[PDB]
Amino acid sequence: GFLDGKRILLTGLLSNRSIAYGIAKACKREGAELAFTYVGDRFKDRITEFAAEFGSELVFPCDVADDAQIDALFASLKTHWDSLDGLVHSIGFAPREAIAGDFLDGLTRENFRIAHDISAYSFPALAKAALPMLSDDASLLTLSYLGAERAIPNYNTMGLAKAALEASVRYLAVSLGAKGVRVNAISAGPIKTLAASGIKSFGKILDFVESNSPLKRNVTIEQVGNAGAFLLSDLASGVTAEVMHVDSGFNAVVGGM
């Protein structure tokens, strides 16, 4: 495949419906060797199962809230891999209040801090900790959503955080690009993942993009996965600082009228 020999670390694989799952499958299919992170010892066995699914026994703890775990993640990976060619950042969190109902009602200094810490800061944080072992053609990929660009109901503080995340893509691209490293995001359409249970009225968004997107269909983790594999590969050698929509074209319309 077009990722033959590429070694890629994936965060955020929580279930078989996770976006990271779809990316993992496409990457493995195209020849990559994979490693995975998880959060909390309670989940080690589940991720080891998932990892086995993709021919991997490389799983490491990483709570991105903790500097020590971020550094220890790459120290551990480094015992197995001399170089890292790909990093998939598929991680996000905000307190339920901060993504329910009215934007201001859920706004507190702490809710803001946590959302931005986990959902935005963590991406350039992992990039920085990974840097010493990044191959010169490495590719860093994060996941965003249209709520970064336009106000979407309930998304609220996550929208602010995703806006900072997309900006981080641009600044990381400049910082790491001289070396040859690329940094991109996929702005994915809604997909029924575990995280989607967080978003109130996820169902309504889903119906709405099915009915209004140019392709008149929702995207799948297979589609987001294949797009991700492309960006992580040398096929996308000329692409950096890009936020690529993989959402059936929904971002490009005004729907519902």
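Rigid core here is just the name for the largest C-alpha set that superposes within 1.5 Å across the two forms. Residue positions are given as counts along the sequence shown, with the first one as 1.
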Fill in: Greatest C-alpha divergence in 8 other deposited structures of this protein once each structure is fitted on the rigid core, 200 to 208 or 59 to 67
200 to 208
Fill in: RMS CA shift, core-fitted in 8 other deposited structures of this protein, bigger for 188 to 196 or for 211 to 219
188 to 196
Response to the item:
Averaging the C-alpha temperature factors as deposited, the higher value of 162 to 170 versus 124 to 132 falls on 124 to 132
Worksheet item: For the stretches 140 to 148 and 71 to 79, which has the higher mean C-alpha B-factor as given in the deposited record?
Response: 71 to 79
Discussion item. Take the CA temperature factors straight from the PDB entry and tell me which of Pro214, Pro190, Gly228, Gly55 peaks.
Written reply: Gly55
Response to the item:
Top Cα B-factor in this entry, restricted to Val224, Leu232, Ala65, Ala195, sits on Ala195
Worksheet item: By its CA B factor, does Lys179 count among the lowest, middle or highest third of the modelled residues in the chain?
Response: highest
Worksheet item: Looking at the C-alpha B-factor of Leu104, is it in the lowest, middle or highest third of its chain?
Response: middle
Item to complete: Would you check the entry's CA temperature factor for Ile8 and let me know if it's in the chain's lowest, middle or highest third?
Response: middle
Discussion item. Which third, lowest, middle or highest, does the C-alpha temperature factor of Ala115 belong to within its own chain?
Written reply: lowest
Discussion item. Please place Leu84 in the lowest, middle or highest third of its chain according to the CA B-factor in the PDB entry.
Written reply: highest
